[PDB]
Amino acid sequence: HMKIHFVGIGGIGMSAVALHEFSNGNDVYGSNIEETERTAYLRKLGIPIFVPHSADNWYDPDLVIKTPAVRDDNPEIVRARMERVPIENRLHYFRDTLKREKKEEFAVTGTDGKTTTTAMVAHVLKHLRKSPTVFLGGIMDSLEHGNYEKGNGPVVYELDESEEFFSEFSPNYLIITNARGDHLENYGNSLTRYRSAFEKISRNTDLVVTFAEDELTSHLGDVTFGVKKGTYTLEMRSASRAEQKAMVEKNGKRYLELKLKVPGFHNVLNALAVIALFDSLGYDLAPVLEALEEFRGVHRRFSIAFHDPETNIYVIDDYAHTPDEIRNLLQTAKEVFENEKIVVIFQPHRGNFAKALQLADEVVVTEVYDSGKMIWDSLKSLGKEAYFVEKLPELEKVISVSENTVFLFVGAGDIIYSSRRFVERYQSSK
């Protein structure tokens, strides 16, 4: 039995590992740079969480775990090193944690779609009553602790291909959503090391599911999914307000109809990768499809934060920060909400943006999280109705609440709090 100190315990990754250790009866506590929903959540469980970082937050741990972001001048790390307490890195510790688990492993990695795909896998395994241990890089309400759940079945987790060390894992099954290799910083900016990393994890995995259209990684798959090419393919897709349907072909033959409560074309691809994995493992797909149909999504991946049915008003949260992610988000907003007014409140993240937001009816841009006016400027140039609001607390206030309108609060940062405040405003308003 050990006492573990988590430096950066407020992150989605770290809180999962902390919760797991907490679930295993270890003395757990940690610290974080800022307060987060995880720090709030973990405190409610009775875990001491100290914000901000200070060597004051030392309680003679047997072990200290840190995220790649924790710098060597972090006072906690300095104390730990001087106190000679062993310090470990999140991923590396996680791998060791799996080694201890000695369980069947379902890993999902990739540039995009990774967290939702992982949530889908976890959701299927839970539906099939396989009671999996889940480590999610996002929040799924069906999970006992949101981004984590302890079970005695297999373990499902997300592997971040940002850290080259992901290639050191060797799960039973691995879904690789895609691999654009847009963050080679940890691969000495070498697409070759990046490729090698995938090559390597593929070699040590029993079954690899891969995106037939992913230039970099398609050949590694034992089975593939794609739209027009691959083992599992899409013959037809129809998106509607309450759900979207897709006719799936297997090696070219109509094989099944996929129904998802969750919208967006990309979620079909994520569901396809899931189907591919489970079908490949010989699972009766009837319950797998029932589960996929019921999958409720991960917070901030086009999640409905609030809906007023009397007024036909929606507040939706989405992590998008890239022009393409925004073009996609809006395309799915239009598929789901054919006639409603679409209002995007976008907080850019630490040119093409204006063209991506063109599909919205109203755009409010804020300052970047950690220039925003340049986007406003661009929007203004494409000649459409946009606003710039620089102070984050003003965001919810600036908005005109109108019926038949979907308010999409878009961004990877702070914006998530405006969204909640906007909902609270609305509610108190009623």
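When you see a residue number, it is the position in the sequence shown, counting from 1.
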(message) For the step residue 350 to residue 351, what size class fits the number of deposited residues with no coordinates, none, 1 to 3, 4 to 9, or 10 or more?
(response) 4 to 9
(message) If I compare the deposited sequence with the modelled residues, how many are absent between residue 370 and residue 371: none, 1 to 3, 4 to 9, or 10 or more?
(response) 4 to 9
(message) Highest mean C-alpha temperature factor of the two stretches 181-189 and 284-292, which is it?
(response) 181-189
(request) Could you settle it for me: does 53-61 or 399-407 have the higher average Cα B factor in the PDB entry? (result) 53-61
(message) Just to confirm, going by the entry's C-alpha B-factors, which of 261, 150, 253, 341 comes out highest?
(response) 253
(request) Please work out which residue in 323, 154, 309, 226 has the highest C-alpha B-factor recorded for this crystal structure. (result) 323
(request) Place residue 265 in the lowest, middle or highest third of its chain's C-alpha B-factors, as listed in the PDB entry. (result) middle
(request) Would you please rank residue 30 by its C-alpha temperature factor against the other modelled residues of its chain and give the third it falls in: lowest, middle or highest? (result) lowest
(message) By the recorded C-alpha temperature factor, relative to the other modelled residues in its chain, which third is residue 90 in?
(response) middle
(message) Going by the CA temperature factor in the PDB record, which third of the chain does residue 332 belong to: lowest, middle or highest?
(response) lowest
(request) Name the third of the chain's ranked CA B-factors that contains residue 169, choosing lowest, middle or highest. (result) middle
